[PDB]
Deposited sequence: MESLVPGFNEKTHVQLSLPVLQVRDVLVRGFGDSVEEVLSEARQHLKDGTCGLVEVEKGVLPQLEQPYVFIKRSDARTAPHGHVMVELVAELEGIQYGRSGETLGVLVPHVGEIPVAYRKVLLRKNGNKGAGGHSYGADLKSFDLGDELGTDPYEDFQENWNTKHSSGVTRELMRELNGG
């Protein structure tokens, strides 16, 4: 529910997505958020081509930001929500540059 997500530099990320289908990446992202093993990469130019699809975005749903998960594959998004805060990735020990406090609608 209340989470502080480590913000990772894209070139440091070891595991660059959660899986191979929309349903799987949403499931795995939720599991990693629950387990405290989820990182956040901020979306800047050149970032997404360095990550693996389907993407899982964390989006503002409405000092902890209420967020919802939205997946994207082939330019189609699954879920509808607000401003993108970043793309979620597994965290396997990478050193963050910041944290993002979020309230995951769960």
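Unmodelled regions of the deposited sequence, numbered from residue 1: 1-13, 76-81, 126-180.
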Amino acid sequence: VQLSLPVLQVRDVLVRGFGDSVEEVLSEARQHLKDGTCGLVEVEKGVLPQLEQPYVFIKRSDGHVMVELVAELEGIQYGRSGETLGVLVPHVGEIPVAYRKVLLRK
From here on, numbers count along this sequence of modelled residues.
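Legend: mean Cα B-factor per stretch from the PDB entry, 48-56 versus 29-37; the higher mean is in 29-37. As the entry records it, the average C-alpha temperature factor is higher for 96-104, out of 3-11 and 96-104. Among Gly19, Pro90, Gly86, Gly82, the highest C-alpha B-factor in the deposited entry belongs to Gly82. Out of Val43, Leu73, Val65, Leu69, it is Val65 whose C-alpha atom has the highest B-factor in the PDB entry.
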